[PDB]
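Structure data follow from work_24.txt (compact mmCIF, C-alpha atoms):
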```txt
# COMPACT_ATOMS: atom_id res chain seq x y z
CA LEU T 1 0.00 0.00 0.00
CA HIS T 2 2.83 2.40 0.84
CA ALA T 3 4.64 1.54 -2.40
CA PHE T 4 1.52 2.04 -4.53
CA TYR T 5 0.48 5.29 -2.84
CA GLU T 6 4.03 6.54 -3.45
CA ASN T 7 3.46 6.05 -7.21
CA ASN T 8 0.09 7.83 -7.70
CA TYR T 9 -2.21 4.80 -8.01
CA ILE T 10 -5.60 3.70 -6.68
CA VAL T 11 -5.57 0.74 -4.29
CA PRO T 12 -8.43 -1.79 -4.11
CA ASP T 13 -11.02 -1.37 -1.39
CA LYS T 14 -11.35 -3.72 1.58
CA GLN T 15 -14.45 -5.88 2.00
CA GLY T 16 3.59 -26.16 -5.90
CA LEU T 17 4.96 -29.43 -7.25
CA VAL T 18 5.96 -32.76 -5.71
CA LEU T 19 8.62 -34.61 -7.68
CA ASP T 20 8.52 -38.31 -8.61
CA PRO T 21 12.17 -39.42 -8.66
CA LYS T 22 13.80 -42.83 -9.00
CA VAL T 23 13.35 -45.54 -6.37
CA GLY T 24 16.37 -46.88 -4.52
CA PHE T 25 18.34 -47.04 -1.29
CA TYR T 26 21.87 -45.68 -0.91
CA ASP T 27 24.15 -45.56 2.13
CA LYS T 28 26.92 -43.50 0.49
CA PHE T 29 27.48 -39.75 0.82
CA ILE T 30 24.31 -37.69 0.36
CA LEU T 31 24.58 -33.98 -0.47
CA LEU T 32 21.58 -31.69 0.03
CA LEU T 33 20.99 -28.36 -1.73
CA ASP T 34 18.15 -25.87 -1.31
CA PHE T 35 16.98 -22.98 -3.47
CA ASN T 36 16.82 -19.66 -1.61
CA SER T 37 13.61 -17.68 -2.21
CA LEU T 38 12.43 -19.45 -5.36
CA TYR T 39 9.26 -17.38 -5.77
CA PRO T 40 10.94 -13.99 -5.09
CA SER T 41 13.69 -14.98 -7.54
CA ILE T 42 11.06 -15.80 -10.17
CA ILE T 43 9.28 -12.49 -9.54
CA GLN T 44 12.50 -10.48 -9.83
CA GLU T 45 13.85 -12.34 -12.86
CA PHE T 46 10.83 -12.19 -15.18
CA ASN T 47 9.47 -8.78 -14.08
CA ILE T 48 6.14 -10.20 -12.91
CA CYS T 49 3.93 -7.38 -11.63
CA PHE T 50 0.33 -6.19 -11.61
CA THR T 51 0.99 -3.45 -14.17
CA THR T 52 3.29 -5.47 -16.46
CA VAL T 53 1.21 -8.65 -16.95
CA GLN T 54 -1.98 -8.89 -19.00
CA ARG T 55 -4.65 -11.61 -18.86
CA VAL T 56 -5.06 -12.70 -22.50
CA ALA T 57 -3.92 -16.30 -23.08
CA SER T 58 -5.27 -19.86 -23.00
CA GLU T 59 -2.76 -21.78 -20.85
CA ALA T 60 -4.20 -23.23 -17.64
CA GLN T 61 -5.70 -20.85 -15.08
CA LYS T 62 -8.18 -18.08 -16.02
CA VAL T 63 -10.95 -18.83 -18.52
CA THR T 64 -14.67 -19.44 -17.96
CA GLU T 65 -16.19 -22.86 -17.21
CA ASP T 66 -16.22 -23.88 -20.91
CA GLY T 67 -14.32 -27.07 -20.13
CA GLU T 68 -11.31 -27.69 -17.91
CA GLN T 69 -8.98 -25.52 -20.01
CA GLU T 70 -8.14 -22.03 -18.80
CA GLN T 71 -5.52 -19.26 -19.12
CA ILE T 72 -2.19 -18.49 -17.48
CA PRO T 73 -0.74 -15.17 -18.71
CA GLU T 74 2.41 -15.33 -20.81
CA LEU T 75 5.78 -13.82 -19.97
CA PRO T 76 6.05 -10.03 -20.33
CA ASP T 77 8.30 -8.35 -22.86
CA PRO T 78 11.88 -7.93 -21.55
CA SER T 79 12.01 -4.36 -22.91
CA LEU T 80 9.13 -3.36 -20.61
CA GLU T 81 9.94 -1.19 -17.61
CA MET T 82 10.42 -2.82 -14.22
CA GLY T 83 7.22 -3.24 -12.24
CA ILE T 84 6.48 -1.94 -8.76
CA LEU T 85 6.81 -5.30 -6.99
CA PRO T 86 10.22 -6.31 -8.45
CA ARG T 87 11.53 -2.84 -7.60
CA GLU T 88 10.62 -3.27 -3.93
CA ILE T 89 12.01 -6.82 -3.83
CA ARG T 90 15.29 -5.75 -5.43
CA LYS T 91 15.53 -2.80 -3.02
CA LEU T 92 15.19 -5.21 -0.10
CA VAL T 93 17.79 -7.57 -1.60
CA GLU T 94 20.27 -4.75 -2.24
CA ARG T 95 19.84 -3.36 1.28
CA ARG T 96 20.41 -6.82 2.75
CA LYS T 97 23.54 -7.23 0.63
CA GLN T 98 24.84 -3.83 1.76
CA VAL T 99 24.25 -4.73 5.42
CA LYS T 100 25.97 -8.09 4.98
CA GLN T 101 28.99 -6.44 3.36
CA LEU T 102 29.02 -3.90 6.20
CA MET T 103 29.32 -6.80 8.66
CA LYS T 104 32.64 -7.95 7.18
CA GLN T 105 34.46 -4.93 8.64
CA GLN T 106 36.60 -5.64 11.70
CA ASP T 107 37.02 -3.89 15.07
CA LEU T 108 33.34 -3.20 15.70
CA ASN T 109 31.46 -2.72 18.95
CA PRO T 110 29.20 -5.70 19.78
CA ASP T 111 26.13 -3.43 19.79
CA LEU T 112 26.69 -2.62 16.11
CA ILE T 113 27.10 -6.33 15.33
CA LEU T 114 23.83 -7.13 17.11
CA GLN T 115 22.00 -4.31 15.32
CA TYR T 116 23.31 -5.42 11.92
CA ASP T 117 22.31 -9.04 12.61
CA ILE T 118 18.81 -7.96 13.64
CA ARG T 119 18.47 -5.77 10.54
CA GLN T 120 19.61 -8.53 8.17
CA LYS T 121 17.27 -11.05 9.82
CA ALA T 122 14.35 -8.63 9.49
CA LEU T 123 15.20 -8.01 5.83
CA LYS T 124 15.37 -11.75 5.17
CA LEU T 125 11.97 -12.37 6.79
CA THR T 126 10.34 -9.46 4.95
CA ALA T 127 11.72 -10.69 1.63
CA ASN T 128 10.58 -14.25 2.37
CA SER T 129 6.99 -13.22 3.13
CA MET T 130 6.63 -11.49 -0.27
CA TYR T 131 5.23 -14.49 -2.16
CA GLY T 132 2.76 -15.30 0.62
CA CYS T 133 1.62 -11.69 0.38
CA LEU T 134 -0.03 -12.59 -2.95
CA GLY T 135 -0.55 -16.34 -2.51
CA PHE T 136 -3.15 -15.92 0.23
CA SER T 137 -6.69 -16.20 -1.12
CA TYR T 138 -8.04 -13.66 1.39
CA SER T 139 -5.17 -11.23 0.77
CA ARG T 140 -6.20 -7.77 -0.40
CA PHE T 141 -3.86 -8.17 -3.39
CA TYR T 142 -5.05 -11.66 -4.34
CA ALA T 143 -4.43 -12.55 -7.99
CA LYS T 144 -4.92 -16.16 -9.10
CA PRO T 145 -3.32 -15.85 -12.59
CA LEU T 146 -0.13 -14.34 -11.14
CA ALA T 147 0.21 -17.13 -8.57
CA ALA T 148 -0.44 -19.72 -11.28
CA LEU T 149 2.23 -18.17 -13.51
CA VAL T 150 4.75 -18.09 -10.65
CA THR T 151 4.05 -21.74 -9.80
CA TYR T 152 4.35 -22.75 -13.47
CA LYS T 153 7.68 -20.92 -13.77
CA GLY T 154 8.93 -22.67 -10.65
CA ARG T 155 7.85 -26.04 -12.02
CA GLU T 156 9.60 -25.36 -15.33
CA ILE T 157 12.77 -24.35 -13.48
CA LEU T 158 12.59 -27.54 -11.39
CA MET T 159 12.16 -29.75 -14.46
CA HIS T 160 15.08 -28.02 -16.19
CA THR T 161 17.23 -28.48 -13.08
CA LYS T 162 16.32 -32.18 -12.82
CA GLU T 163 17.08 -32.72 -16.51
CA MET T 164 20.42 -30.93 -16.13
CA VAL T 165 21.28 -33.04 -13.07
CA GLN T 166 20.42 -36.22 -14.99
CA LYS T 167 22.58 -35.03 -17.90
CA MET T 168 25.79 -34.92 -15.82
CA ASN T 169 25.39 -38.51 -14.52
CA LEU T 170 23.99 -37.38 -11.16
CA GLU T 171 21.19 -39.52 -9.75
CA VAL T 172 18.01 -37.58 -8.94
CA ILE T 173 17.03 -39.42 -5.76
CA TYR T 174 14.58 -36.86 -4.32
CA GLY T 175 13.59 -33.21 -4.54
CA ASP T 176 10.80 -31.01 -3.24
CA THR T 177 9.79 -27.50 -4.34
CA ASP T 178 13.15 -25.84 -3.64
CA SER T 179 15.23 -28.44 -1.75
CA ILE T 180 16.71 -31.23 -3.87
CA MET T 181 19.44 -33.64 -2.76
CA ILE T 182 21.69 -35.89 -4.85
CA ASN T 183 23.58 -39.08 -4.03
CA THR T 184 27.23 -38.84 -5.07
CA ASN T 185 27.98 -42.55 -4.38
CA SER T 186 31.31 -41.49 -2.85
CA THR T 187 33.06 -41.29 0.52
CA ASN T 188 35.39 -38.28 0.38
CA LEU T 189 33.90 -35.06 1.74
CA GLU T 190 36.11 -32.80 -0.39
CA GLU T 191 34.92 -34.48 -3.60
CA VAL T 192 31.29 -33.99 -2.56
CA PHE T 193 31.97 -30.34 -1.71
CA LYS T 194 33.68 -29.64 -5.04
CA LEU T 195 30.94 -31.45 -7.00
CA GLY T 196 28.28 -29.42 -5.20
CA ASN T 197 30.20 -26.21 -5.85
CA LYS T 198 30.45 -27.06 -9.56
CA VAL T 199 26.72 -27.88 -9.70
CA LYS T 200 25.84 -24.60 -7.96
CA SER T 201 28.10 -22.59 -10.27
CA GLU T 202 26.62 -24.24 -13.37
CA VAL T 203 23.09 -23.64 -12.06
CA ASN T 204 23.78 -19.92 -11.53
CA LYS T 205 24.79 -19.61 -15.20
CA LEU T 206 21.22 -20.27 -16.35
CA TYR T 207 19.62 -17.46 -14.32
CA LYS T 208 21.21 -14.34 -12.86
CA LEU T 209 18.99 -13.87 -9.79
CA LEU T 210 18.54 -17.59 -9.02
CA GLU T 211 20.85 -18.76 -6.23
CA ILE T 212 21.42 -22.20 -4.71
CA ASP T 213 23.65 -23.28 -1.84
CA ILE T 214 24.76 -26.32 0.13
CA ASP T 215 22.37 -27.10 2.98
CA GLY T 216 23.86 -30.27 4.45
CA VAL T 217 25.81 -33.45 3.81
CA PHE T 218 24.66 -36.93 4.88
CA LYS T 219 27.19 -39.73 5.33
CA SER T 220 24.44 -42.33 4.83
CA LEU T 221 20.74 -42.23 4.00
CA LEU T 222 18.10 -44.63 5.32
CA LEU T 223 14.38 -44.37 4.55
CA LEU T 224 11.40 -46.00 6.25
CA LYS T 225 8.27 -44.31 4.87
CA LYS T 226 7.23 -41.07 3.18
CA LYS T 227 8.58 -37.85 4.72
CA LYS T 228 10.78 -39.96 7.02
CA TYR T 229 14.50 -40.63 6.70
CA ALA T 230 17.52 -41.51 8.83
CA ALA T 231 20.74 -39.74 7.87
CA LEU T 232 24.17 -39.10 9.40
CA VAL T 233 24.62 -35.32 9.40
CA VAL T 234 28.15 -34.34 8.36
CA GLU T 235 29.72 -31.32 10.09
CA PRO T 236 32.98 -30.28 8.39
CA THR T 237 35.68 -28.58 10.45
CA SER T 238 38.57 -26.24 9.68
CA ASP T 239 41.08 -29.10 9.40
CA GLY T 240 38.82 -31.09 7.06
CA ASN T 241 37.62 -33.55 9.70
CA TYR T 242 33.88 -34.16 9.97
CA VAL T 243 31.49 -35.80 12.43
CA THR T 244 28.65 -38.11 11.38
CA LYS T 245 25.69 -37.38 13.67
CA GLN T 246 22.51 -39.39 13.20
CA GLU T 247 19.39 -37.45 12.21
CA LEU T 248 15.88 -38.82 12.79
CA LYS T 249 12.63 -37.23 11.63
```
Encoding of this model in structure tokens:
Amino acid sequence: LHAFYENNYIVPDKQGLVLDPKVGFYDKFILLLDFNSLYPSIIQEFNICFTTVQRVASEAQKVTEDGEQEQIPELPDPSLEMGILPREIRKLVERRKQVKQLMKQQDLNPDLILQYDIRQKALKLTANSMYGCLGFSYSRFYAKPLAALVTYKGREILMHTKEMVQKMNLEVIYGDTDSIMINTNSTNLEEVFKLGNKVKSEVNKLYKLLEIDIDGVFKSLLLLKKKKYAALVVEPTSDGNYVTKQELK
């Protein structure tokens, strides 16, 4: 509301994919990666906004009840000016980056460190809530076609990532929404780290604003039922040594 009122507008009045990977059991090294802010990254990358997206297509989401075929809007023209929403999201991201770079200075009073940590945490939470701002059905800015387009873009990105992982002889054992882990079938931790770094670097080549990172390493993986696994969490140290701690969920 503040952003829109700052731009001479009129505000309205007040009244997802689950993957199907291969089936198998592996007790070798398991490396886990997670995508950071998939929906905000999609919004920033493709300039999705209220003012920059029309509603004339026939894809999946918004047409009348004449059959189970409806419309998702198509991607906007790249030459179009940046929308209001991506501008705010990029402002938040840039401010968080500036704060994080400010942290790297040395000889600082602990009060400044605490304030910077609080500010960066607040920025992270505010950026994270941005997709849920529009995804809520009862939200004042509810827009079904935009949410459908964002979800479709995320699904397309996930399929492309899975195909790319399969291309480089990496077994797609499981993935979900933004967190996908791969079995390296190895024992050395340094090899797993370098393979994950290479995968992350190659992934970042496809999209500028899409970022992935290493979440955790599992020495072994054991599964019992759905949404349940037993893994040995690997904690690397400065000297290269690591500890295998069992994880149960």
Excluding stretch 231-239 of chain T and its own-chain neighbours fewer than 5 positions away, which residues fall within 10 Å of it when counting only C-alpha atoms? Please give them as a ChimeraX atom specification. /T:27,29-31,189-190,216-223,244-249
Just to confirm, what's the straight-line distance from atom CA of residue T:229 to atom CA of residue T:203 in Å (one decimal)? 26.7 Å
Top pick for closest residue to residue T:167, considering T:83, T:113, T:199, T:71 and counting only C-alpha atoms: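 Checking each of T:83, T:113, T:199, T:71 against residue T:167, counting only C-alpha atoms, the winner is T:199.
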Proximity to residue T:84 - best of T:99, T:18, T:49, T:1, only C-alpha atoms: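 Closest candidate: T:49.
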Would you kindly return, as a list in words, each protein, DNA or RNA residue with an atom no farther than 8 Å from any atom of residue T:141, considering only C-alpha atoms and excluding same-chain residues fewer than 5 positions away?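 The contact residues come out as residues 12, 133 and 134 of chain T.
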Could you please determine the separation between atom CA of residue T:131 and atom CA of residue T:103 in Å, to one decimal place?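 Calculated distance between atom CA of residue T:131 and atom CA of residue T:103 is 27.5 Å.
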Of the residues T:100, T:209, T:128, T:165, which is the one nearest to residue T:116, using only C-alpha atoms? T:100
Quick one: distance from atom CA of residue T:200 to atom CA of residue T:32 in Å, one decimal? 11.5 Å
Using all atoms listed in the file, which of the listed residues (T:42, T:65, T:194, T:22) sits closest to residue T:155?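 With all atoms listed in the file as the atom set, the closest residue is T:42.
Counting all atoms listed in the file and comparing T:41, T:149, T:20, T:50, the residue that lies closest to residue T:74 is T:149.
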Closest to residue T:224 among T:82, T:25, T:87, T:122, using all atoms listed in the file?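 Among the listed residues, T:25 lies closest to residue T:224.
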